[PDB]
Each structure stands twice: as C-alpha cells, then as structure tokens.
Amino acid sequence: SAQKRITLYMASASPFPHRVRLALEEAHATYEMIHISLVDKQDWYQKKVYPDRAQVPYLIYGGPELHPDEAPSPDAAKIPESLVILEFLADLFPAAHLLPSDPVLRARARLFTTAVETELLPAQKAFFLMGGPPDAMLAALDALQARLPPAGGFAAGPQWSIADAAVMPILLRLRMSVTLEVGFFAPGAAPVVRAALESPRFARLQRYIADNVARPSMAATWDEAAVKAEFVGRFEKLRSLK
C-alpha cells in the first residue's frame, strides 16, 4: 500500500520536465531526481536508461534506488512523454484529484491540454525559434486566455489540475525569453510581446499565472537562476551551431 519508488530524469531549461515536477508536488509524492545533460545522453543515459530516444522527462516507477550511470531494474516501469506521465500520476494518486472527478470537467482539462500542445507550442516555436511576427504570438495568447474560464479559477474550473501543470512551465519560460530578450526574435518582436503580456489585454491570463505561482508547488519546482542559466546556455549553443 505504500507508494512505490519514483525517480524522474529531468533538466531545467525545457518546460516538459517541469510539468511532471508540478504534478509530483501536487500529489505530495516521494521522488528523487536525476539531471540529464548532453554529455549524460552521449555517455550513459542513451545506453543504459533510454535507448530509443534518450529524452527527458522519463519517469521510473518501482525498483530499487537509482543513481546516475546505472540501468533501471528490468522490473520497473519506464514512462516517457510529459503529458502521459501527467495522466499516469493522476491515476497513481487518485486521492490527490490531479484531475477532477466529473467526466465533463475531465474532458475540459484534456481539451485545454490538447490546445496547449497543438496550438500554443507551435506558435511559441514560430516566434522564438523562427523569428515570426509578434502579432501571431499574441493571437495565440489571446486564444489561450479565452480558453481559461472567464468566471475565474484554474484551467478546468475552480480546482487545480494537470491541465495547469501542462501550460504553466511554458508561460513562465515565454515570459523569461521575452524579458531577457533571449531568442531568435524578429527585430523588436520581443518587447512587443513583453509589453502586451503586462497590459490590460492579458488581465485574465495574468491573474491565472499569479494564482498558479502562489501555490507551494511552484516554489518547490521553479528555480529561476537554474532555469535562466540553462535556458540561456541552450540558446547560446543553438546560436553557435549555426
């Protein structure tokens, strides 16, 4: 009946491991983390841990204590894909209500997550990686904001859910990128987005971000210095290979 072992392979720059950390903290799970860098991928993580894709996040469920440069027990479950890991944690910790009980509100959470993955993330890539115009990024943020309940609350309604885990790491890193002006932005594009995100246009979205940041799971999982250092480091690597 006691929880089986959880080990999470992660990193800081990407939004995807942060999603999982938020859900683990909201579940009050016991877990250990292992940071994966490119050297780890090349030297042992692809070989001993995750041969098919060597990506993070990657959750190991069951088995004995796990350290870097070690293969997981063949008897443990290995789960990739941040969104699937979120649904897994909601199934594993039912008393935490990481998804709501009502089936329509569960559908609402999943519709919100679908839109994050299929609409917001492509828009962020077009803006940050491909130097697209700020108006298209702000239109995607308008659409995201309109999917939040206008009467208040979290993405699926009054209660926090894995839908909030899915989007909050992206919003925090988007704000960081446009505030530090770190990215492959069209000229002047970052300030346009930064200023709009602080304006009355985005009052609802600002309230939503604040509501999520005020929860204990955010302080437990957001280390601004570490995220910045790896985010900027990744950008400088991208810039240099080019």
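One-based numbering along the sequence shown.
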Taking the mean of the C-alpha B-factors per stretch from the entry, tell me the winner out of 106-114 and 150-158. 150-158
Entry-level comparison of average CA B-factors, 80-88 and 123-131, reporting the higher stretch: 123-131
Which of these, 200, 57, 216, 64, has its C-alpha atom at the highest B-factor, as the entry lists it? 64
Largest Cα B-factor, entry values, listed residues 192, 49, 205, 176: 49
Can you tell me which third, lowest, middle or highest, the CA B-factor of residue 27 falls into for its chain? middle
Determine, from the deposited record, the chain-internal third of the Cα B-factor for residue 142: lowest, middle or highest. middle
Ranked against its chain, the third holding the CA B-factor of residue 74: highest
Ordered by C-alpha B-factor within the chain, which third holds residue 209? Give me lowest, middle or highest, please. lowest
